[PDB]
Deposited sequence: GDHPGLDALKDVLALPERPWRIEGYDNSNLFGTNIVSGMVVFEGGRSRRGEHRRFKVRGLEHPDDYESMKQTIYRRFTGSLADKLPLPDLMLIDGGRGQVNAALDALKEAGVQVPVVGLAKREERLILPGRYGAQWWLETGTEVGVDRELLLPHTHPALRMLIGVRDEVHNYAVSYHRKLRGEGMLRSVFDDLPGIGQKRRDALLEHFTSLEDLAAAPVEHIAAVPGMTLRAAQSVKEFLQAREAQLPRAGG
């Protein structure tokens, strides 16, 4: 019995139970290391032996959209495309910009895989079109409101996707833990001090992600104040 998977199928209008789910994120927190995580779920259970780490290359400046687009394109072309089974559903740890990046890569790869996003630091689902996770549908019955779905926190479809996010975020946290005699990209933030600098590393994925985030998300970080959050916002968008 798979409550979460069955709910996903109905809620995202999938053609069948999503037995294979792949989760993706992207960070650049230490030096020039731009890294994308891929986590694999089969039958609603993580398969850690199948997780993968993509080193993003060819970028001379960070760019979260291009970082996600390259990862997805890599995943659905060459060797991996040949070797790996297509997921039934891809989960993007990212808002609309990161969902767009995934769809862009899929279109360029010539592949049709259903996609849904989770808005960073929120529980809002981001849908890739109007008709659910199958973003290539031209018509059908509308899913969600303005291409988003808000579900109660304990809803089984939501808890499942939030578990995939937790797994990919944790995989990121593990890698950055290892990387840490290099300063973090947040070590240049003024007005906040070193306890708050380090608290941001858990909640944000890159200078770009921090800079675009509502000041309210920054202030909600434990250890932060509306004040230190205004200070970060102002410094990054000064540069």
Pop the missing stretches of the deposited sequence into a list, counting residues from 1 and keeping sequence order. 1, 182-184, 244-252
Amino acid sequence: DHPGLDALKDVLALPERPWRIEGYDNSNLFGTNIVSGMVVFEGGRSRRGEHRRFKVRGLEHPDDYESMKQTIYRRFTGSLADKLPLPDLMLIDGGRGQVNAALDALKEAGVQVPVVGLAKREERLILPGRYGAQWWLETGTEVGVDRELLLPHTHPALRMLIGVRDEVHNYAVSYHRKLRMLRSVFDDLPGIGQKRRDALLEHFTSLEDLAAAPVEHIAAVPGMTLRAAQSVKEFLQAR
From here on, numbers count along this sequence of modelled residues.
So 162-170 or 138-146, which one's hotter by mean CA B-factor in the entry? 138-146
Going by the entry, of stretches 216-224 and 16-24 the one with greater average Cα B-factor is 216-224
Residue, from 45, 176, 51, 69, that the PDB entry assigns the highest Cα B-factor: 176
C-alpha B-factor winner, where the candidates are 191, 31, 58, 37: 191
Can you tell me whether residue 8 has a C-alpha B-factor in the lowest, middle or highest third compared with the other modelled residues of the same chain? lowest
Splitting the chain's C-alpha B-factors into thirds, which one does residue 77 fall into? middle
Could you look up the Cα B-factor of residue 130 in the entry and say which third of the chain it sits in: lowest, middle or highest? lowest
